[PDB]
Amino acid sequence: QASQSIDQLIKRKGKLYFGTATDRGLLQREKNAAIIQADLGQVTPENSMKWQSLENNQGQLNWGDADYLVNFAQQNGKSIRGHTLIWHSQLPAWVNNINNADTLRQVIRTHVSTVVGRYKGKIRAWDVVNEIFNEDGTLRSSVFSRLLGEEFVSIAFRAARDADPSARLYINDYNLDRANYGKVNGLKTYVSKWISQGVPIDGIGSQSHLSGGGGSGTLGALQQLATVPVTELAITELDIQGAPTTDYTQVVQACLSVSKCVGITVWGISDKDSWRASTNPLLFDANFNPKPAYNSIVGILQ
């Protein structure tokens, strides 16, 4: 508990949530659960719903940790962002080893249908595809693009939609942090085309893994993304090297500046548990005390 809940404060501004990545280990130790209960309104499984976590060995599903997180969120009234169905990283070898396009086509459908279907009605939004773009806005090379070209996106989103018609379906990526950056332009172009073709893409997630000074670009980037006929945007994996108060407040102000942005998720609670731990990039220190960046956000939401 940081005293003054940023989720409560941001809801009063008209946003949906301020949330965090988490999972069972975190929830069961130290102050992670208590902070989520007091200060946050949303959770994303940091790893438990990635395909390698769920199905490292083909046909052998591993739902436990994912189920646990969903239960925690439901019992504590936090919304959930499912993360993530189709991603080149943290991918089972057996999927990577597929050589035939139609094989993959049907594997994607089965995986997407099964995972979304399991939590139908419980998960508000899904990162259906993750990190599919190169830095210049072309499609990233992976088993998905290699075998199916852009078609894997249509396949994944349509399967997700039918598995839960009420879920908000997102495409998620990093380096969507500066207006007119190649990746932003490419994403805008492709997502617009896919939407026009009937692909059900409801949201764009901007991961926002930033370095110092990176907050100055967030506003322009979100404003550009907002021009895409998605319904929602979100900052999905926020962290910033050194957690500068200026950059953190600028990102929050950017969200507040764009109607389509529904909320912010930071990528973890305590610096100690960050995937970029050496850069102290989160809102709570190793002792689970709020850092100046947290307090500064409280100040401007006040």
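When you see a residue number, it is the position in the sequence shown, counting from 1.
Out of 292 to 300 and 3 to 11, which one has CA B-factors that are higher on average in the deposited record?
Per the PDB entry, the higher value belongs to 3 to 11.
Mean C-alpha B factor from the entry: is it higher for 232 to 240 or for 59 to 67?
The entry gives the higher C-alpha B-factor average to 59 to 67.
At the C-alpha atoms, which of 203, 200, 117, 149 reaches the highest B-factor in this entry?
In the PDB entry, the greatest C-alpha B-factor among 203, 200, 117, 149 is found at 200.
Go through 103, 211, 207, 84 one by one and give the residue whose Cα B-factor in the PDB entry is largest.
Result of the comparison over 103, 211, 207, 84: 211.
Can you tell me which third, lowest, middle or highest, the CA B-factor of residue 177 falls into for its chain?
Within its chain, residue 177 is a middle-third residue by C-alpha B-factor, going by the deposited values.
Going by the recorded CA B-factors, say which third of the chain residue 44 sits in, lowest, middle or highest.
Its C-alpha B-factor, which the entry lists for residue 44, ranks in the lowest third among residues of this chain.
Quick check for you: using the entry's CA B-factors within this chain, is residue 73 in the lowest, middle or highest third?
It belongs to the middle third of the chain when residues are ordered by C-alpha B-factor.
Against its chain's modelled residues, does residue 127's Cα B factor rank lowest, middle or highest third?
Lowest third of the chain for residue 127's C-alpha B-factor.
According to the PDB entry, is the CA B factor of residue 38 in the bottom, middle or top third of its chain, that is, lowest, middle or highest?
Highest third of the chain for residue 38's C-alpha B-factor.
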